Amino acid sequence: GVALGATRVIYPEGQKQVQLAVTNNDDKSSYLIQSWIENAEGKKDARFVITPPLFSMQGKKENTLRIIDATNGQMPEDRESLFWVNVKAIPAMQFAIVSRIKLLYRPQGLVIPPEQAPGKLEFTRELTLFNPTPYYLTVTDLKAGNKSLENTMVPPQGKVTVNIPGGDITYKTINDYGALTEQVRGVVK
């Protein structure tokens, strides 16, 4: 069937557009593909445009969605902002195919670079995770002792609690290309 080429899209301020690949490997099927953008509050938002908003995909094919910054200077410049790309495929015939993927808008000139963000996570046994960076960080493979903990996403300058059945802390993050990083030992307070 249909596939998307990414699990997240980073939009670096200054870029005129970013692309998202949409593919169909089946020569015999046809789809209508509709897409739109929502803010983090769950509403349709016009600060980013995606085009074409509706297209037909007939057979084995690769199509590209373009995402354009129409923000017009109205975004926080000191942290990332989170949007959601919604794509829906309607087969040519309740049977629609729907995905939502993160769109992270990243302002120019943040002082901590993306690759140094993960190693700044602070853990407090009370565990509370604190993120003193301007990035949204996706934490996975989180372990405290021999116990495997749940995945979490920590917002810029935010805190999240991870339940543990009571009480070394290690983990990986998902990077900008959707890959797993190397294992990291957290900063424990």
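One-based numbering along the sequence shown.
**Student:** Between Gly167 and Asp168, count the deposited residues left without coordinates and pick a bin: none, 1 to 3, 4 to 9, 10 or more.
**Tutor:** Gap between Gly167 and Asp168: 4 to 9 unmodelled residues.
**Student:** Can you count the deposited residues that have no coordinates between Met93 and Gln94 and report it as none, 1 to 3, 4 to 9, or 10 or more?
**Tutor:** The entry leaves 10 or more residues without coordinates here.
**Student:** State which stretch shows the higher mean Cα B factor in the entry: 83-91 or 110-118.
**Tutor:** Mean C-alpha B-factor is greater for 110-118.
**Student:** Should the higher mean CA B-factor in the entry be assigned to 4-12 or to 178-186?
**Tutor:** Looking at the recorded C-alpha B-factors, 178-186 comes out higher on average.
**Student:** Going by the deposited entry, which of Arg47, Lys159, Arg66, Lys28 has the highest CA temperature factor?
**Tutor:** Across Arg47, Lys159, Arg66, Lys28, the entry lists the biggest C-alpha B-factor for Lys28.
**Student:** Reading the B-factor column of the entry, which of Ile33, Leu129, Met153, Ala144 has the highest value at its C-alpha atom?
**Tutor:** Result of the comparison over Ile33, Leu129, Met153, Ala144: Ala144.
**Student:** Sorting the chain's CA B-factors, does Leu104 end up in the lowest, middle or highest third?
**Tutor:** Its C-alpha B-factor belongs to the lowest third of this chain's values.
**Student:** Would you mind ranking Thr138 by its C-alpha B-factor against the rest of the chain and naming the third, lowest, middle or highest?
**Tutor:** Tercile = lowest for this residue's CA B-factor.
**Student:** By the record's CA B-factor, is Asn163 among the lowest, middle or highest third of residues in the chain?
**Tutor:** According to the entry, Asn163 has a C-alpha B-factor in the chain's highest third.
**Student:** So where's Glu38 on the chain's Cα temperature factor ranking, which third?
**Tutor:** CA B-factor rank for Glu38: lowest third.
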